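Two forms of a single protein chain come next, each set out by itself as structure tokens; they are called structure 1 and structure 2.
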Structure 1
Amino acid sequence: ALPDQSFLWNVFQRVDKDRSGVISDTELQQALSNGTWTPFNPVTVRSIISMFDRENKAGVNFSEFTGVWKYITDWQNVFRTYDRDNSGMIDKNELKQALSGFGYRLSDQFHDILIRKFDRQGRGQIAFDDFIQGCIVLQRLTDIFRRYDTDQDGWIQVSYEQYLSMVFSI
């Protein structure tokens, strides 16, 4: 949160290309770097817009952008903490450390399912945007799971329908 408003408003005006006073997903995406030289995951860019857009306008204003800026800044720090070999991509073992550090207790084999599902380069090494994405979706599905797991034991009983409106809970 270190920078002043002057800095972050100069940043805002820069990212707000059409000068409409609202940063759109399209504009945020161009501001963001995933390190790989490919456009920042658009699904992730939209996830971040609607987390910080309160007044439903498919965008963020200056005040909400300062939160966007902080949310991105915090994720970057997390990324570099668990990017131990300094490669700019998170691998399976790095992902195991990151998720364990988030308090997740998940088997080895599952981390492969994770990389497969969220790695867009298909190299088995996760870029900054796909790591945010994988994580946003994890925390989303844990919440859903905790809604149902009344004794929080990590096991639930579901009907076929309950089950289906959980996979359509995403």
Structure 2
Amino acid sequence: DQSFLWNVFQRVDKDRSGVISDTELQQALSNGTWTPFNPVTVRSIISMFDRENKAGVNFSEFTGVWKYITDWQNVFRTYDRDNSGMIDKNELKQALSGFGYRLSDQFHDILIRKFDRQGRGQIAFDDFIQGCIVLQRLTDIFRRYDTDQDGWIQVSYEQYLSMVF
């Protein structure tokens, strides 16, 4: 039912639009730090929650375009130890391993780096959805080509360069 979500479209008409472009949602969600929500994280929710190849959602899926963030906030929250809204190295060693991951101490300090901008050694939330789902899959295409049962895959200089994208 769209009436349950009709007041959500009210805030989303700076240019009357009706269809949700990338920023057409940006003002409906916080990242946890007073900054805007990174569009790179946004298009992950639309091109993934819309069949139409133009990046703009609707009822058929917006029942869930949002729903995934309501999926994602529970986890985040049910891990925040400090409740300060950020996950640390000690903290991620528990969340990652909550997702059935057997990595090691040394990767449990390599991950944080791409996403911790401020440089305090913690992940905000706009850094979480994006890149979480990205990594949620680097166990997955790493899967499609070679299950060595120790992790090794490889191809030549040829279209293996094509794979890297």
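Under this definition, the rigid core comprises the largest set of C-alpha atoms superposing within 1.5 Å between the forms. Here, residue number means position along structure 1's sequence, counting from 1.
When two forms of a protein are overlaid on their rigid core, residues whose CA moves 2 Å or more are considered shifted, and residue 101 is not one of them between structures 1 and 2. Superposition on the rigid core between structures 1 and 2 places the CA atom of residue 146 less than 2 Å from its counterpart. Core-superposed comparison between structures 1 and 2: the CA of residue 36 stays below a 2 Å shift. Relative displacement of the residue 131 Cα between structures 1 and 2 on rigid core alignment is 1.6 Å.
Its Cα shifted by 2.8 Å, residue 122 is compared between structures 1 and 2 on a rigid core fit. Shown is the Cα shift of residue 73 between structures 1 and 2 after rigid core superposition, which amounts to 0.3 Å.
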